[PDB]
Amino acid sequence: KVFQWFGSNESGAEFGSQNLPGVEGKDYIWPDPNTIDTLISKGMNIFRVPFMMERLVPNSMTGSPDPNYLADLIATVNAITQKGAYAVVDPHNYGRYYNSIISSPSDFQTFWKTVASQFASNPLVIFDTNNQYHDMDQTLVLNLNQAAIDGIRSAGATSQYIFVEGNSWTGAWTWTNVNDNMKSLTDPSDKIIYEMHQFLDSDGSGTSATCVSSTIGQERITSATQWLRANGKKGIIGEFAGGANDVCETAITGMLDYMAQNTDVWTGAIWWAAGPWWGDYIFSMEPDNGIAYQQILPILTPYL
């Protein structure tokens, strides 16, 4: 393997985010361990599992978990880690809980102690503080990431990596513009990884199959790479994608080839996304018929 980690998001448990609690099998679904196994057989060793904070811990983030949703999170994590791969536990929440900005680091720390306690003995779990903080106070984003770390380590979950995320939708291309204060995060286990996301369409939203140019990915990560190096930090690309076309194929490999020459800071990359409810989605990595599984995975083989 070229990178420490290379794999895919396994999306579904966060679907239908407007329906809370929502109903499993109707509004959301958990990943399929059999198709995860296929991706593992292809060489992937990390799987990021989005879920909603409100579905895992309803009403108040300081309360008790929902038994049903937690049981399925547990089963998904174990399906990944029992094979030897890493499972990223991702509260896919944008820094918000019931659609309000999480303004209490203390409440967030308690949420994270609750979650980390369920996984504290599993060294292949990775805790991801929150997906894509955005449009909120920059000091608060720093403090929420630190509160998550403190809660996780307080639970005795000390072996695991922690993926921290920044503002501006944790974008790599925007990182130095807004997220410099993230350099001050502390972890007694010294296992912080800075998770950045990078899409390749014009606005970086990852909603169009069209990429700006054949070099846009490598261009959009250069300053983030320099920031990680200058500050003595390590990073991962926790979401990236491009359409099944020639320009995007080239942009994807150019980005990954650049990361491969900068592994002093880059630990790897995670595609967005696999999962069982993507259908004809332009970026679907879901075996055996997702568009990216068929048409993009062949160009990712060099990194597996």
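Residues numbered from 1 in each chain as written, not as in the entry; some residues may be left out. Heavy atoms only, no water.

Per the deposited record, determination of this structure is attributed to X-ray crystallography, with the resolution reported as 1.2200 Å.

Caption draft 1: Local environment of the nonpolar core. Of all hydrophobic cores here, the largest spans 90 residues; its most connected members are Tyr194, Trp271, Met285 and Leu300. Among the elements that line this core, the one with the most residues is helix α5 (residues 138-154), at seven residues. In this structure, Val88, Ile193, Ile236 and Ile270 belong to the second largest nonpolar core, which totals nine residues. (Core = buried A, V, L, I, M, F, W, Y, C linked by side-chain atoms within 4.5 Å. Buried < 20%, exposed > 50% of the residue type's maximum accessible area, 1.4 Å probe, protein only. Helix = DSSP H or I, 4+ residues; strand = E, 2+ residues; numbered from the N terminus.)

Caption draft 2: View of the environment of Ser213. Looking at the element boundaries, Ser213 is found in the loop between β8 (192-199) and α7 (216-220). Remark: the alpha-carbon pair of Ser213 and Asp66, spanning 147 residues in sequence, is separated by 45 Å. If we skip the residues at most four places from it in the chain, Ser213 touches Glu219, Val247 and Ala251. Polar contacts involving the side chain of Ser213 include one to the main-chain amide nitrogen of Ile216, which spans 3.3 Å. (Contact = heavy atoms within 4.5 Å. Polar contact = N/O pair within 3.5 Å; in protein donor to acceptor, adjacent residues only side chain to side chain.)

Caption draft 3: Inspection of α5 at higher detail. Over its 17 residues, α5 extends 25 Å from the first C-alpha to the last, a length consistent with the 24 Å expected when each residue adds 1.5 Å. Counting buried positions along α5 gives 13 out of 17 residues, so the element sits mostly inside the fold. Two or three places before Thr139, at the opening of α5, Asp137 has a side-chain oxygen 3.0 Å from that residue's backbone nitrogen. Within two residues after α5, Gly156 carries a phi angle of roughly 85 degrees, on the positive side. (Expected span 1.5 Å × (residues − 1).)

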